[PDB]
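Single chain ahead, written as structure tokens, the form deposited in one PDB entry.
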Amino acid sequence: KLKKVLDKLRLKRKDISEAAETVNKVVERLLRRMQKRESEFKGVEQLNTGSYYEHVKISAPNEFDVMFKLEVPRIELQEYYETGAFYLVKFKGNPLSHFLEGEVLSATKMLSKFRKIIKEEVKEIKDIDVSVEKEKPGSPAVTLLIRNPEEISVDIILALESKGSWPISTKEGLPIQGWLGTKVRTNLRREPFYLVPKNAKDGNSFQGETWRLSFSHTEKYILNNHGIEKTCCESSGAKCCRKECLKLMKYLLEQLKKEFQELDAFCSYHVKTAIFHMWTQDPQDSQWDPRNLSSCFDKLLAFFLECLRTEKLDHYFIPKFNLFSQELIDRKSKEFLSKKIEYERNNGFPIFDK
């Protein structure tokens, strides 16, 4: 039964081919745009991220995430209150001085110009039906809508890339030492970290200058390298069901959010965060044998329900950042979601049948 659901969630190669062909052409064109000439964005480089490129996108290849990352030397980070995740960026005749607000590099000013450029470049595409969606306050995304003729969205995310050691709020995060190990953890933390122009919600409004840490590159590496054994899911090793559990949980949330508006505050990043914690708690590949898919999925569910009940789901890279805090999500919303998940769980998941 979960096996039947996975078969239906699995992406079709024909759909993948048709979608990738069009997405790649539009993205290449926009990136070449940025890269020329006089632009404050001239050195951007592309990094594909999120569930399609991690092979956990479900149902249809209809949403792609791509970062246009800019290396910015000598940046100084000031943590925004004690949030752990949010920062003001300042500096130690640069192109970026246009985006200054005092000595602070404004996320909003820089994103606005980035968006402005993308829109003008989209206007020049005559051979493909592509438009820029209305902007969402506080989001770091410039979202394209492509009609292929099927609808595909592409989120183009500006990012700052910094090569220094990671901010100290991350020092006790990424607790992979008994799963992926200390050499892996140390090596991942020697790679750059990223900031995206997603604004902190501060009371009734966004703080327009703030940026948020991103570990999309690390998350992508983890999904591609997720077993305690080096051969997990390789051609000379044993398949596990870790990614299948993540797909099933993302589907469950998606189906629930489609029918209940009260679940608007929940998102697939909560599910991904929860399963990173579960992969830490249950590190052995033998605990994710495909023969045991039903019980692995059940355990992930039990853990997610416990997060809800205790109002606690800490960011995997930034442990003091509680994604399920009362400030982010009302207690009533979590209680509403717990009720729905329990009903599905106790009734053999009728919602999987649509």
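Each form is matched to the other, and the largest set of C-alpha atoms that superpose within 1.5 Å is called the rigid core. From 1 onward, residues are counted along the sequence shown.
Another form, the form deposited in another entry, is not on view; read the next lines as being about it.
Here the two forms are overlaid on the core, and between this form and the one not shown the C-alpha of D202 is the only one among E79, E76, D282, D202 to shift by 2 Å or more. Note: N204-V196 Cα separation is 3 Å or more shorter in that other deposited form than here.
Compared with the form shown here, the Cα atoms of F206 and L253 sit 3 Å or more farther apart in that other deposited form.
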